[PDB]
Ligand code: CLA
Ligand code: CLA
Ligand SMILES: CC1=C(/C=C/C(C)=C/C=C/C(C)=C/C=C/C=C(C)/C=C/C=C(C)/C=C/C2=C(C)CCCC2(C)C)C(C)(C)CCC1
Ligand SMILES: CC1=C(/C=C/C(C)=C/C=C/C(C)=C/C=C/C=C(C)/C=C/C=C(C)/C=C/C2=C(C)CCCC2(C)C)C(C)(C)CCC1
Ligand SMILES: CC1=C(/C=C/C(C)=C/C=C/C(C)=C/C=C/C=C(C)/C=C/C=C(C)/C=C/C2=C(C)CCCC2(C)C)C(C)(C)CCC1
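Chains as they are written, first to last, in the entry's author numbering: chain W, 9 to 337; chain y, 11 to 327.
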């Protein structure tokens, strides 16, 4: 088959080197937006005023971790933001280095190699090596969860918005029955110590899922209840990231504990006119909104559009290319 | 190759390569010495050294030769003798350039004496490893020359107390040198500058001894391309990155060298094109020497990034 130049990235479906290269380049663009815009939207910051009114977009996430804040919720420094931005710069540098190295120098078909590349070629009809890739990615996401768990033990703990202190969390929960009953108490637990205690359980859960995916492949029913094509696997990933975007918009709307209210903004209100959105209780006159409303709304619309993309790839994968032509006789 | 790619003709000869490079070295030393001698004549002692657009005399003012106490100028004879030694060195390098064009042959394979171990190609790794190690040895020699000029041959100028201070008690631990990546644009002290310079002097002389004493292994020959335009691409990307970070270094650092020789601290401006501007105004509408240097080094570094891009496209397929 042939694809036009307006949409021609489907040629990454069989070529594996470009499949690695374009995605690592995309991650390089994400890390470049993380590093560059932190060091570029720093001149808009003023510690005399608040953080919710000026429209700071990146720096709320850095003050969430509890690096350069103390008693009362005030910012007296920039140097932790400087070192996190700088490690994001050099991480984007090395990640774009590997990206363009795979784009320009590495071969496209990984099965035509001689060293440790022919054992690295993937395709869309195996449950074993794709399960190995899923296991390694689950290991790395669980390692990020381990880093979130160690943030509450290494650098003085996370930031608390109730007690206005960067306190060290040293009380882990030794019971998963509280974790079962959290489905009513979503973003209403009124405790910052239970968030890390829920993070160690899901972190060890991610390690166990990665161990299960490395050790054993899909044992037979996933070949029947699921598909392995690129459009179908793209559909599953886009549905997962759309559910993540919707629950992140809900956490940016209602929580006001992990996100500090004096930095991000006030608790929001769920409204619906033409489209459903979130509005501040304290409006701003200069056609501006807080970081809460901006983040929650933008992640809601992006999660909706990626749910529509998931439905598009699901219709593309399951043979429904163009079958609504038979409406009119 | 007809008159518009003319330097690429002797790229494969590798006998007049040496002549072109020592001619370029002669031109750089000529510009250095002759423009110190030029800017000595157009120098005002009463006015500040940045408002009249002076580059190399403030660059020698960091070394503390022709300056005193309070930001003033004691004399111009150290700048004069430094530019004079640079001019005589450019004369002998241009003499060596005319030597290597005329009396030296087009290829070093015709030579039969003791200089036959100087011929280099684009095929063997050990020769260019020896060249890289000797150049790293000379860079470490320049770093220990700065160490000697800082400790046992003179003092430095500090922007903190505004004097020429012979700096003792340098940085002696490798922890804070590892941590100076976090704050490199603001060194915030000159004792850390000289201590880290002795640290990187030891580091680069260790890399030089490691390079000449150990031949290349072979794990990078299958990854990196061993062509002339490829090594030109690697060095061009290195010097373009160094020029960009040196321009950003010049834009904000007001105490690696003191700012009374350059003017106000430069401010960034990011619009359709990035450029650095001052805060005060000058009646000539001429920007300060720091404002000339940082903007020119940023634009030359960006054009060198594009040149390394073009040479890396030409080196690949
Ligand atoms: C992880 C996400 C992801 C990935 C990998 C893909 C991958 C793919 N999609 Mg796709 N898609 C996604 C998300 C994704 N999509 C979402 C979220 C939507 C809903 C909005 C769609 C809607 C969609 C359609 C409708 C079609 C595809 C098609 C394709 C395939 C062809 C290559 C391509 O992208 O065309 C590259 C195409 C472009 C770059 C578009 C051309 C330029 C446009 C005009 C600019 C972008 C418009 C936008 C408004 C710009 C502003 C951005 C805004 C955020 C500010 C390719 C396999 C096509 C297909 O099936 O194969 C032919 C196809 O027809 N996708
Ligand atoms: C020190 C760095 C360096 C080195 C050693 C080289 C070396 C080389 N380049 Mg090159 N290049 C560089 C940087 C460098 N380049 C940069 C930064 C760029 C981007 C602008 C380019 C763009 C470039 C192109 C587009 C081409 C080369 C080519 C070549 C090769 C042949 C050169 C020749 O005789 O024709 C080069 C041409 C001339 C010498 C004559 C025209 C040059 C004009 C007169 C210069 C005018 C600029 C002006 C005086 C400076 C203003 C600055 C201001 C401060 C005053 C040679 C190997 C050619 C090649 O690969 O062969 C096919 C080729 O086509 N280069
Ligand atoms: C506690 C806590 C926490 C945690 C959390 C967690 C732990 C979570 C989990 C989560 C989870 C754990 C989830 C789950 C989900 C699930 C789902 C979502 C699924 C889906 C699936 C699918 C979709 C599939 C299906 C199928 C099959 C099976 C076959 C047939 C067909 C189909 C395909 C349909 C936090 C951090 C917040 C903090 C606080 C507290
Ligand atoms: C190879 C070649 C080339 C190149 C060459 C060159 C360019 C050269 C250079 C050369 C040089 C560049 C030289 C220089 C010289 C100079 C001189 C020789 C000067 C003198 C002076 C001095 C040394 C001193 C100083 C002084 C004093 C001390 C006192 C007062 C007065 C005065 C200031 C004078 C060309 C391109 C052409 C062509 C092709 C080939
Ligand atoms: C801060 C400071 C300092 C220091 C400095 C230093 C110590 C530096 C270092 C630096 C460093 C030490 C650097 C490094 C760099 C490196 C580079 C820049 C690289 C890159 C590369 C790339 C990116 C590529 C990649 C690759 C490879 C590697 C292999 C093959 C493949 C490829 C090509 C891909 C001082 C003392 C002066 C004083 C005070 C301030």
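Here a beta-carbon is modelled for each residue, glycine too, at the ideal position from N, C-alpha and C.
| query | result |
| --- | --- |
| Residue 91/W at chain y interface by Cβ criterion, 7 Å | yes |
| Start-to-end residues for the beta strand (DSSP E) that takes in residue 287/y | 284 to 287 |
| The stretch 292 to 299 of chain W / the stretch 95 to 106 of chain W touching (three or more Cβ pairs under 8 Å) | no |
| Simplified DSSP assignment, three categories, for residue 175/y | strand |
| Beta-carbon proximity check, residue 311/y vs residue 257/y, cutoff 7 Å | yes |
| Proximity winner among 94/W, 263/W, 187/W, 201/W, relative to residue 165/W (alpha-carbon distances) | 201/W |
| Span of the beta strand (DSSP E), counted from its first residue to its last, around residue 330/y | A question about residue 330/y goes unanswered here, because the residues of chain y that appear run from 11 up to 327. |
| Under 8 Å by beta carbon: chain W residues contacting residue 280/y | 48 |
| The stretch 25 to 39 of chain W / the stretch 215 to 227 of chain W touching (three or more Cβ pairs under 8 Å) | no |
| Bridge-paired residues (DSSP) for residue 279/y | 285/y |
| Classification of residue 328/W by the beta-carbon crowding that lies within 10 angstroms, buried from 16 upward | exposed |
| Check whether residue 242/y and residue 321/y have beta carbons under 7 Å apart | yes |
| Whole-angstrom distance between residue 216/W and residue 210/W, CA atom to CA atom | 10 Å |
| Collapsed DSSP secondary structure at residue 215/W in the structure displayed | helix |
| Beta carbon nearer than 6 Å to a non-hydrogen atom of ligand 4 | 29/y, 33/y, 36/y, 37/y, 40/y, 47/y, 94/y, 97/y, 98/y, 100/y, 101/y, 104/y, 107/y, 111/y |
| Contacting residues, own chain, Cβ-Cβ under 6 Å from residue 287/W (five flanking each side not counted) | 277, 279 |
| Among 132/y, 160/y, 93/y, 82/y, nearest to residue 27/y - alpha-carbon criterion | 132/y |
| Near-chain y residues of the stretch 63 to 96 of chain W - C-beta to any C-beta below 8 Å | 87, 90, 91, 94 |
| Residue 272/W versus residue 14/W: straight-line alpha-carbon distance, rounded | 39 Å |
| Interface residues of the stretch 259 to 273 of chain y facing chain W [CB-CB below 9 Å] | none |
| For residue 93/W, the first and last residue of its enclosing alpha helix (DSSP H) | 87 to 112 |
| Those residues which DSSP pairs with residue 167/y across a bridge | 174/y |
| Residue range of the unbroken alpha helix (DSSP H) whose run includes residue 302/W | 299 to 325 |
| Residues bridged to residue 222/y (per DSSP) | Per DSSP, none; premise fails for residue 222/y. |
| Straight-line Cα distance separating residue 263/W from residue 64/W | 19 Å |
| Residues near residue 387/y in its chain [Cβ-Cβ closer than 7 Å; skip 5 each side] | For residue 387/y there is no data in the structure shown, the boundaries of chain y being 11 and 327. |
| Residue 192/y at chain W interface by Cβ criterion, 7 Å | yes |
| Member of 109/W, 306/W, 140/W whose CA lies at the smallest distance from the CA of residue 254/W | 306/W |
| Own chain partners of residue 128/W with C-beta closer than 7 Å, once the 5 adjacent residues on each side are dropped | 118 |
| Residue 153/W vs residue 96/W beta-carbon contact at 7 Å | no |
| Reference residue 274/W, options 59/W, 49/W, 73/W, 36/W, closest by Cα | 59/W |
| Whether residue 150/W touches residue 221/W by CB criterion (7 Å) | no |
| Pairwise C-alpha distance: residue 269/y and residue 46/y | 19 Å |
| The stretch 160 to 179 of chain W in contact with the stretch 187 to 201 of chain W per 3-pair CB rule at 8 Å | yes |
| DSSP state of residue 83/y mapped onto helix, strand, coil | strand |
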